[PDB]
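Heavy-atom basis, side chains included; hydrogens, waters and symmetry copies ignored. Numbered from 1 within each chain, the chains take letters A, B, ... in sequence-line order. Indexing begins at 1, ligand by ligand and atom by atom, following the structure's order.
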Amino acid sequence: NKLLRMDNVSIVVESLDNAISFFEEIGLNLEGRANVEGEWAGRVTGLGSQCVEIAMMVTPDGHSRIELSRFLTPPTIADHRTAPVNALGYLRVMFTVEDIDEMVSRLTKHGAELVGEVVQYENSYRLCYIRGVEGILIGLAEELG
Amino acid sequence: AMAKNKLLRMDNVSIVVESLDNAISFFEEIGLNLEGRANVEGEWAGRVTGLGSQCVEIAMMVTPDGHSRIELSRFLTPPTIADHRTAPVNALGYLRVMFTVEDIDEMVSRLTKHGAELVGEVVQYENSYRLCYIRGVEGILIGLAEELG
Ligand SMILES: N[C@@H](CCC(=O)N[C@@H](CS)C(=O)NCC(=O)O)C(=O)O
Ligand SMILES: [Mg+2]
Ligand code: NA
């Protein structure tokens with residue numbers, strides 16, 4: 001077979017509006033919104049009667065996307081947005097930015113919180129884990145040189 | 001456009017798994033390639049995660065187009081203490097990564113042959129896509145799609 005591409009990583013959130021704003025602070029652009037109320041969706045997910053509203057975010061380079069999703073029906077029945085770092089399953093998406101200090105300062109001003117501290121790996125890069133919108137874990141890195 | 005910054009790219013999405021060997025094998029079947037694999041025990045890693053004294057084995061998978069990556073992590077210490085690998089679809093938090101493949105039927109057939117399970121049906125969306133959700137390695141939710149025309 002052939003793997004054409006990794007289209008996107010989806011994240012289920014409580015507020016699409018708040019999620020969109022947070023990711024726009026990171027640098028992604030809102031690419032579109034859609035009220036998915038079809039019945040085919042339910043057939044894919046195995047939920048059946050399903051209505052979800054999504055907002056697709058895309059990075060400036062056009063290669064990566066984040067699909068923000070809010071369930072209307074059926075309502076959500078669990079939450080792992082603030083699971084610990086040492087937990088099995090999806091952990092975080094990592095973004096490389098030009099200036100990690102300015103990004104940490106701006107995000108934190110808007111409510112985000114560092115999980116560890118900003119760390120330098122040799123002379124190659126700097127990175128950190130931060131909890132952003134709705135406590136969701138996100139990684140940030142800066143390439144040195 | 002950000003006055004004092006620039007988003008260069010989304011480097012990767014990472015998944016914490018029980019078996020690095022099995023997870024690597026699974027994503028290889030999906031079509032990603034293994035760039036590297038290593039044990040990381042330097043204290044710097046623990047400062048990032050906030051766990052402190054940690055030892056984790058990491059594996060970096062990259063897509064053929066070279067634009068996307070999946071980082072697989074396995075904790076030696078401290079042990080894991082929570083699991084959302086099999087969280088329901090209608091749950092808050094990271095849900096699934098979606099891959100577009102050449103032939104979804106062959107991929108579904110092959111993956112399920114190796115123990116993966118189709119969540120619902122392989123559905124056709126109008127005249128543009130055919131897609132499904134699959135519980136892959138360790139029940140981890142993945143999305144698959146094939147473009148039509
Ligand atoms: N922008 C509206 C769009 C609502 C809507 O239903 N749009 C159509 C056209 S993009 C849609 O999403 N159809 C189903 C699909 O393409 O997934 C919103 O805020 O949800
Ligand atoms: Mg600097
Ligand atoms: Na759980």
Side-chain angles (χ1 to χ4, degrees), chain A residues 7-8 10 12-13 15-21 29-45 47 50-58 65 67-73 76-91 96-106 117-128 137 140-145, chain B residues 2 4-6 8 15-18 79-95 98 100 123-131 133 135 138-141 143 145 147-148:
Chain A
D7 303 282
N8 68 74
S10 73
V12 173
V13 302
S15 172
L16 272 194
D17 290 330
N18 290 339
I20 285 166
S21 292
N29 312 111
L30 169 59
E31 175 174 55
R33 284 230 200 188
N35 271 301
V36 182
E37 205 164 8
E39 76 93 60
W40 60 280
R43 292 170 50 218
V44 174
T45 66
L47 298 180
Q50 156 181 160
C51 180
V52 179
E53 184 185 11
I54 69 150
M56 190 72 81
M57 309 299 295
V58 62
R65 288 173 168 71
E67 179 170 307
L68 301 167
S69 321
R70 180 177 67 83
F71 268 91
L72 277 74
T73 303
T76 56
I77 58 176
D79 174 20
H80 49 266
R81 289 170 298 172
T82 55
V85 170
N86 55 326
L88 296 154
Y90 285 109
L91 177 65
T96 297
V97 301
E98 192 176 76
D99 184 342
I100 196 167
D101 301 301
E102 188 279 339
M103 183 60 78
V104 166
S105 181
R106 186 144 47 76
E117 61 191 13
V118 182
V119 180
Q120 181 169 337
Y121 179 74
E122 291 184 46
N123 70 315
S124 296
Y125 58 92
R126 297 171 63 211
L127 69 159
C128 70
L137 186 61
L140 301 175
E142 183 188 313
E143 298 179 302
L144 301 187
Chain B
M2 310 192 269
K4 301 185 175 181
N5 226 319
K6 187 174 177 173
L8 311 189
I15 313 170
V16 172
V17 303
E18 193 177 0
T80 46
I81 60 175
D83 179 17
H84 46 277
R85 286 172 305 172
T86 44
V89 174
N90 56 322
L92 296 151
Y94 286 106
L95 180 62
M98 166 72 72
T100 295
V123 189
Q124 185 171 311
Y125 180 79
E126 304 185 359
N127 279 175
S128 51
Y129 285 115
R130 277 191 68 216
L131 75 166
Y133 273 12
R135 289 259 170 216
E138 291 167 30
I140 294 167
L141 192 67
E147 236 132 45
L148 309 177

A:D17 with A:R33: basic N within carboxylate O range, under 4.0 Å: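 Between A:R33 and A:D17 there is a salt bridge, with a charged N closer than 4.0 Å to a carboxylate O.
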Main-chain N/O of A:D99 paired with B:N5 side-chain donor or acceptor, under 3.5 Å: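 A pair under 3.5 Å: yes.
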A:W40-ligand 1 polar pair, N/O distance under 3.5 Å: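 No; the residue has no nitrogen or oxygen that sits under 3.5 Å from a nitrogen or oxygen of the ligand.
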From A:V52, A:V36, A:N35 - option closest to atom 4 (C) of ligand 1 by heavy atom: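 The nearest heavy atom belongs to A:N35.
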Nearest neighbour of atom 19 (O) of ligand 1 from the list B:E126, A:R33, A:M56, A:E37, on a heavy-atom basis: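 When every heavy atom of B:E126, A:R33, A:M56, A:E37 is considered, A:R33 comes closest to atom 19 (O) of ligand 1.
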Nearest-contact summary for atom 17 (O) of ligand 1 - protein heavy atom, Å: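 Heavy-atom neighbour on the protein nearest atom 17 (O) of ligand 1: B:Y125 OH, 3.3 Å.
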Atom 12 (O) of ligand 1 - nearest protein heavy atom and its distance: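 Answer, as residue, atom name and distance: A:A34 CB, 2.8 Å.
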Interatomic distance, B:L92 atom CG to A:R70 atom CZ [nearest 0.5 angstrom]: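 Atom-to-atom, B:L92:CG and A:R70:CZ are 11.0 Å apart.
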Rounded distance [0.5 Å steps], CG in A:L72 versus CG in A:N35: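 A:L72 atom CG to A:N35 atom CG measures 7.0 Å (nearest 0.5 Å).
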Within-cutoff protein neighbour (heavy atom, under 4.0 Å) for atom 8 (C) of ligand 1: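 Within 4.0 Å: no protein heavy atom nearby.
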Exercise: do A:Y125 and A:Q120 side chains pair donor with acceptor under 3.5 Å: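 Not at all, the side chains of A:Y125 and A:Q120 share no donor-acceptor pair under 3.5 Å.
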Minimum-distance N/O/S atom that B:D83 presents toward the Na ion (ligand 3):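 Looking at B:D83, the N, O or S atom with the least distance to the Na ion (ligand 3) is O.
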Side chain, backbone, both or neither: A:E53 near ligand 1, heavy atoms under 4.0 Å: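 Answer for A:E53: side chain.
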Geometric class of the B:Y94/A:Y90 ring pair [parallel <30°, tilted 30-60°, perpendicular >60°]: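 Aromatic pair A:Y90/B:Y94 classed tilted.
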